[PDB]
Amino acid sequence: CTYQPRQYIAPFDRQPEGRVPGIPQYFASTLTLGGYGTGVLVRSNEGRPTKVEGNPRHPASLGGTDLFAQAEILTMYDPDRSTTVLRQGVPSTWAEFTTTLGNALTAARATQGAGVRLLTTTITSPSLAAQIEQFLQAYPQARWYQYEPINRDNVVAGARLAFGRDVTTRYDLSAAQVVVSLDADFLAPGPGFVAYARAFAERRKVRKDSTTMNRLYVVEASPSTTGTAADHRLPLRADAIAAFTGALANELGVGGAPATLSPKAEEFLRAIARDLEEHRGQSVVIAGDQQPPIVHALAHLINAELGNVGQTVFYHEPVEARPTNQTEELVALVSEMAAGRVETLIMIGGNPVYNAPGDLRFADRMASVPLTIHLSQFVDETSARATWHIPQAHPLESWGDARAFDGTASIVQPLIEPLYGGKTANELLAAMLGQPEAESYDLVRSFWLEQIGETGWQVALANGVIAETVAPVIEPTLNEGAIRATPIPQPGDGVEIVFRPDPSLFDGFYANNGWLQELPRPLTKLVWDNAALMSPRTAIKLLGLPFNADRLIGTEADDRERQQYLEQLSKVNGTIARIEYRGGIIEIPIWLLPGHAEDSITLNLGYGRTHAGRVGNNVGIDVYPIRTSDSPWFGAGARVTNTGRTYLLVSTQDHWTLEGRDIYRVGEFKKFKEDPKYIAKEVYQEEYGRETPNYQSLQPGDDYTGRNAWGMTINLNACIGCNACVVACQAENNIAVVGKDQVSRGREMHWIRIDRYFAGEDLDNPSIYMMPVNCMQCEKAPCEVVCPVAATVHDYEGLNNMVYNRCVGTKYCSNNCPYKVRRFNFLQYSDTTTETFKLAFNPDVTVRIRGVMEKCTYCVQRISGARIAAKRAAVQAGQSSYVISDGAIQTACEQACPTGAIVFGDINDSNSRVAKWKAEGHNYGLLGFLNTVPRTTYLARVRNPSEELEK
Amino acid sequence: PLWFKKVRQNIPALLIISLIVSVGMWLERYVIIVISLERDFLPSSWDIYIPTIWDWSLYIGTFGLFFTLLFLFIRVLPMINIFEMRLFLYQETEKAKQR
Ligand code: SF4
Ligand code: SF4
Ligand code: SF4
Ligand code: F3S
C-alpha cells in the first residue's frame, strides 16, 4: 500500500501569453439585476471565473457588490443549465434552427412582419437596442413589447405626468440631511443600490469630530432593510401611502388633498413637514416603484417646492433604451395571441409563462401561436412549452454591453469560452437580420468601434467603464395642472395583499442557485420556503388564534414578561391559511412578522417554480396566479380563512428578542456629541454601580506590541442587513450548502451570520436591530484551551488558527465558544460527484470533509498571500522591512459590503483605519465579562431622533 | 422512604427505589448537559435538542453488551470470592471464642 495515488499532472501545449501559472488574474465585466448593469471585477484562477468583486472605478459599484452579483458564480456552474438546442424537446442543431428561422422570416416578408413579434426584458444594452431598431426598420410591422415582472412602469408613468416626458431620476444622498421614503426601498437591491447605500452610510457613520448626522423617515406596509436603518418608521397600509403623500403636500402648501388619517400617522406627517422647510435643498423625497404614478408625480412636486432639484435630486435623459409601461405591452401581446394575429413570437429570456400575471393566461394563448422561440440559459417552464428552445450564454462567458442607472455603457467581458456553447442575444438578432454565424465579439466590437474608437475600446476593456458615455443632465418643466388634477385613490376595501420581490430569489431566476436559497432572508430568517407575512394582531383576528395581542404592549418594567409572551405567540408560525384574492386560492403557510402593518399580508414572488433545476425544483407556493395586471403590487380584498394543517417552516435564529442582555448598544446623537463614551459609561452604572468595569484576568496572553495584529471593526449604524457578506464568505471559503432538513436540525454552516433582535416597547411596532456576527479572534480563546489534539491554537499575529487536518471532531470547542460561531461537518455536506461544483471551489481554501469543525479565518488565504508578497518585495529590495500596506488586505465580507460597515486592518499601526475606529468612544466588545479580549469589535449604534416625534 | 428501617428491609421496595434512582441519575446528567447547552449568552444562538432513534439504539446496545459480559462472567468465573468468605467465617468463629 502507498501513502497516495499516482496524481498524474497535465500541462499546456501552448502557454497563454499573459498568464503566470498559479497567479490569479482579475477582469472587468458587467452583471445586470434589473437590466441595469453593475460593474464587477472577477478573479480568474486558471481561466475559470471563481470570485466576483466590485469595480472601484464603476459608478454604483465602488468596491461594494449586491448578493445577486456575488452568487452569480454558482449560477454559472449550475449542473442544470441548458446544453443543447431543442426543437420540441428533442435535441437539434443551431444550423437547423438558422435554416428554419430564415425560412419563417422570408415567409413573413410577404407581409411587413405583421406576424413577427418580440418579447424581451428591460433592455439597456446599446448594441442590442440598435440591432432591434434595425430589425424593426427591416420589418415595419414588428413590435418589441418589453416586459419583466419587477419593472419601473410607475416611475416612467409619474415622470410622463409630472414633466410630460420620460426622465431618469437620480438621488445624491451625500448632500441630503433629511431623506423621506414613501414605501421606497433604496437600501434594498435595485437600480443604484450600492451607490445610494455608500452615500447614506457615510453620513450615518459618526466620530467624536463629526457634528452632523442624516435622518431617515420611512412609511411602508412591510418592514424592510430601509426600515431597519430609519430613525423613525411608520407601518402604514400600502394603499394609504398615496393619501399620506397627498396630505404631506397639502401641509407643505403644494397642491394635494387633505386625507383622514390615524393620530400616529398625523403626528408623523407633522414631524416630516416640520423637518422639511428647515432643510430646503438639504432634503430628498423618494417614492417606491410599487407605489402608484400619482405618488411619483407628488414627490417631484414636493422636491421642486423645497428647491431640492439640482442639489439632492437630478434629472437625466432616459437610460433604459425605450422606456414603456411593460404590463400594458404584455396585455396587448396576450390579446393579439388570443386573436391569433401573431404567427411568430421570439422571447429573449424573462420566463414569460411563469412571470406573467395569472389573469393573462399567457400559456394558453402561447399554444395558439404556431412558432415560439425562447433563449433562456435554462430549460424554463416557457422553454418547455416553446418550440426551438436555444441555450443562452451566461454573462460571465459572453461578449456584451450594458448601461448603469446613471448611464455608463460598461462592457461585459467573457472570462471563459461558453462551457455548453449557447448563443448571446445579439447573435440571435444577427440571424434574424440575415447574418447567420456572426460572432458576439465582432458584433459588440463593430458597434463600439467608430463610436469610441479602437483606442477607446482598449481603454474600455482595461477599465470597467466607458468614459465617453454618460446620461446628459436635462431640466424638465413640472406640469402643475396635470399633477393637481389626479384621482389620488382612497385606501380601504378589506384585508389587503402586498406583493414584494423575494430578498434572496429576486423574481425567481435565482431559485436554482443553492447559496441564495440557503441564505436566511433578512428580517424573517426563513430558509428554502415562502410564507405569508402578517403582524401578530392581523394573525389573531384573521386565523382566530387565542391570544390577546395587547399583552405584548407594555413599559420597560414588564419587558421580560412581554418577550416571553412573544415566544408563546410564536409556534403558531406555519399554520396554513387559504387566501382568496380574485378567484385564486394560494393555501400558503403564515409566518408572523412583528413590524408588519395591520390588515395587510406580504407574499414573496419567485417560489413554486416547476421546471427549475434539482435545487429549488418545487420550493414554496407560487404567488404569480393570484397577482393581477390591474393591481400588480397591491390587493383589495382577501378572505384569509384558517385551514389549520400546520406546515413546518424552517428559520435559522429561532429567537426574536434579546433577553435583557448588552448585545446591542443604542444611543442618541445629541448626547453622543457631548460625550462619545456616554453609552459605555451607562449600562456599567446599572450593572456594577461604577462607570468602568474592572475586569480581572488570571491568564497572561501574549504582548503583540511590535508585530502586525489583525482586527476587524463592524459599524452597527452602517449595516442594513443586506446579507451580501454571507454570500461573499460562502464563495471565498467554499462553505457547503446543507439541505432544508439539515437546517431544520440547526446544522447550517455559515461563518458569518446576521441577527435581528426586534427589541422595542409594544413589540407590535418593534425596532429591528441587525448585527453581523463572525469569529471574534479572541486573544484569550476558550475554544483553544478545551481542544485535546491542539487543532485550534493562536498565531504570532493574533489570529485564531483552526487546522482541519488536526481536528478529530470532539466538538468540545463549539460548547466553550461563547458566541457559538463554530460550525461542524456532521455529515458529508461538500459535493464530490458534480464536476461543475468542483470547478467553482476556490483552490486557495481546502474543501473540508465530514468530522472537522469550521470557523471564520479572517480570510487567512488573503493575509498569507500579502505576507509572502511583502517578504518577497523586501528581500529583493534588500530592506528586510516586511511592511504590509493598510489597504493591501481586504476580507471578502469587507469588499462585498455596499455600506462599508466592516473594516479590516492592523491594530498596532495607529494610522490604520481600524486603529482610528477602535479609538472611538463607542467601540466595544461583545460579552466583556468573559475575559476573552476579542479583536472583532462593534461600534454602538447612534440614532438622530426628531424632538417632535420622540419627545 | 429509605430513612425508615422497614422500607430498607423490604426487598420489593428496594428494587423499585433503585430503578427510580437509576432513571433519576440519567435525568440529572441530561439536565446538567443538554439544558445548559441549549440556551447561552447570545439569544440568537438558541435551539432545542431532540434525540433521534440511533442514540437510543446505542444505549440499549451498550446495555446488551454489559449484560452479555456479566452472563459470561457468572458462567465461567465464581460470583462470590471463595476465599475472604471462609476467612470471614474464621474471623467470626474467633470473635465468638473471645465473646
Ligand atoms: S469567537 Fe469563539 S471560535 Fe472565535 S476565538 Fe472566540 S471563542 Fe474561539
Ligand atoms: S473575514 Fe473572510 S472568513 Fe471571516 S466572515 Fe469575512 S469573508 Fe468570511
Ligand atoms: S455587514 Fe453584511 S449584512 Fe451588513 S450591510 Fe454589510 S454586507 Fe450587508
Ligand atoms: S475541540 Fe478540537 S478536536 Fe476539533 S471539534 Fe473542536 S477543534
Exercise. Among B:64, B:81, B:19, whose Cα sits farthest toward the positive end of the charge dipole of segment B:1-88 (+1 at Cβ of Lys/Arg, -1 at Cβ of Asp/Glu, about the Cα centre)?
Worked result: B:81
Exercise. Where a Cα-Cα gap under 18 Å defines reach, which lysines qualify for residue A:838, not counting those fewer than 8 residues away within the same chain?
Worked result: A:51
Exercise. Hey, rough spin-label estimate for residue A:437 and residue A:744, points 7 angstrom out along Cα→Cβ, what's it come to in nanometres?
Worked result: 5.5 nm
Exercise. Residue A:575's amide H: which non-local residues (gap 5+, or another chain) put their own amide H closer than 5 Å, with H modeled 1.01 Å from N in plane and none for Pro or chain starts?
Worked result: A:590, A:647
For this session: Return, ordered by residue number, the residues of segment A:747-773 whose backbone nitrogen is under 19 Å from a label point located 7 Å along Cα→Cβ of residue A:545.
Result: A:756-768
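Order by neighbour count: A:917, A:710, fewest other Cβ atoms within 10 Å first, most last.
Working: A:917 20, A:710 24.
Ranking A:917, A:710 by Cβ neighbours within 10 Å, fewest first, gives A:917, A:710.
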Exercise. In Å, what Rg and Dmax follow from the Cα atoms of the protein assembly as shown?
Worked result: 32.6, 135
For this session: Return the long-range amide H neighbours of residue A:143 (sequence gap of 5 or more, or a different chain), with a cut-off of under 5 Å between placed amide H atoms.
Result: A:118
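Roughly how large, in nm² to one decimal, is the mean projection of the convex hull of the alpha-carbon atoms in segment A:404-512? Can you show the working numbers first?
Numbers: hull surface 56.1 nm².
Convex hull of Cα atoms, orientation-averaged projection: 14.0 nm².
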For this session: Among A:314, B:83, A:672, rank each residue by its count of other Cβ atoms within 10 Å, from fewest to most, as a rough exposure measure.
Result: B:83, A:314, A:672
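Suppose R0 equals 56 Å; then what is the FRET efficiency for residue A:570 and residue B:60 from their Cβ-Cβ distance, rounded to the nearest 0.05?
On the way: r = 35 Å, r/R0 = 0.63.
Given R0 = 56 Å and the Cβ-Cβ separation, E is 0.95.
Any chance you could run the full-extension gain for residue A:172 through residue A:675? It's 0.36 nm times the residue separation minus the Cα-Cα distance, nm to one decimal. Could you put the intermediate results ahead of the total?
Details: separation 503, 0.36 × 503 = 181.08 nm, distance 3.06 nm.
Full extension of this stretch gives 178.0 nm more.
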For this session: Quickly work out the residue A:363-to-residue A:697 label distance, labels modelled 7 Å from Cα along the C-beta direction, and quote it in nm with one decimal.
Result: 6.3 nm
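Quick one: grab the alpha carbon gyration tensor of segment A:665-733, order the square roots of its eigenvalues as a ≥ b ≥ c, and give me rounded if a/c is under 1.5, else prolate or oblate depending on whether a/b is larger than b/c. Present the calculation step by step, with values, prior to reporting the outcome.
Details: a/c = 2.33, a/b = 1.19, b/c = 1.96.
The shape class here is oblate.
Summing -39500 (n - 2.57) over the DSSP H runs of n ≥ 4 in chain B and dividing by its residue number, what mean residue ellipticity at 222 nm do you reach, to the nearest 500 deg cm²/dmol?
On the way: 4 runs with 62 residues, N = 99.
About -20500 deg cm²/dmol.
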Problem set entry | residue A:683-residue A:83 FRET efficiency (beta carbon distance; Förster radius 51 Å; 0.05 resolution) | 0.30
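Which percent, to the nearest 5, of DSSP beta bridges fully inside the protein assembly as shown are antiparallel?
Details: 47 of 88 bridges.
Taking every DSSP beta bridge within the protein assembly as shown, about 55 percent pair in antiparallel fashion.
For the residues B:74, A:863, what sequence is obtained by ranking on other C-beta atoms within 10 Å, fewest first? All intermediate terms of the calculation are to be shown ahead of the outcome.
Working: B:74 10, A:863 21.
Ordered by Cβ neighbours within 10 Å, fewest first: B:74, A:863.
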Exercise. Does a label point 7 Å from the Cα of residue A:468, set along Cα-to-beta-carbon, have any residues of segment A:105-137 with amide nitrogen under 18 Å, and which are they?
Worked result: A:125-131
Exercise. Where in segment A:708-725 does the label zone of residue A:866 land, with the point 7 angstrom along Cα→C-beta and an amide N cut-off under 19 Å?
Worked result: A:708-715, A:725
Exercise. Rg and Dmax of segment A:639-791 over Cα atoms: what are they, in angstrom?
Worked result: 20.5, 69
Problem set entry | Straight-distance crosslink candidates among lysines, where the alpha carbon sits under 27 Å from residue A:541 and sequence neighbours closer than 8 are dropped | A:264, A:525, A:571
Exercise. How high is the FRET efficiency from residue A:1 to residue A:795, r the C-beta distance, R0 35 Å, rounded to 0.05?
Worked result: 0.45
Problem set entry | Cα long-axis angle, helix B:11-30 against chain B (0 to 90 degrees, to the nearest 10) | 30 degrees
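With a/c under 1.5 counting as rounded, go ahead and sort segment A:826-951 into rounded, prolate or oblate using the C-alpha gyration tensor (a ≥ b ≥ c being the square roots of the eigenvalues; past the cut-off, prolate if a/b is larger than b/c, else oblate).
Working: a/c = 2.13, a/b = 1.26, b/c = 1.69.
Taking the square roots of the gyration eigenvalues as a ≥ b ≥ c, segment A:826-951 is oblate.
Can you work out D for segment A:731-777 in µm² s⁻¹ from Stokes-Einstein, where Rh is the Kirkwood radius over C-alpha pairs, the temperature is 10 °C and the viscosity is 1.306 mPa s?
The Stokes-Einstein estimate is 120 µm²/s.
How much length is gained if the chain between residue A:845 and residue A:761 is pulled fully straight, taking 0.36 nm per residue apart and subtracting their Cα-Cα distance, in nm to one decimal? Mind dumping the intermediate values first?
Working: separation 84, 0.36 × 84 = 30.24 nm, distance 4.53 nm.
Using 0.36 nm per residue and subtracting the Cα-Cα distance, I get 25.7 nm.
Please give the average number of partner chain Cβ atoms lying within 10 Å of the Cβ of each residue in A:816-825, rounded to a whole number.
On the way: counts 0, 3, 4, 5, 8, 2, 0, 0, 0, 0.
Taking all residues of A:816-825 together, the mean is 2.
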Problem set entry | Geometric extent, Cα atoms of segment A:439-581 - Rg, Dmax (angstrom) | 26.7, 73
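All of the numbers you see were taken from the coordinates with simple rules; none came from a lab. When we count neighbours, we look across all protein chains shown, and the Cβ atoms used for this are built from the backbone with ideal geometry, even at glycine.
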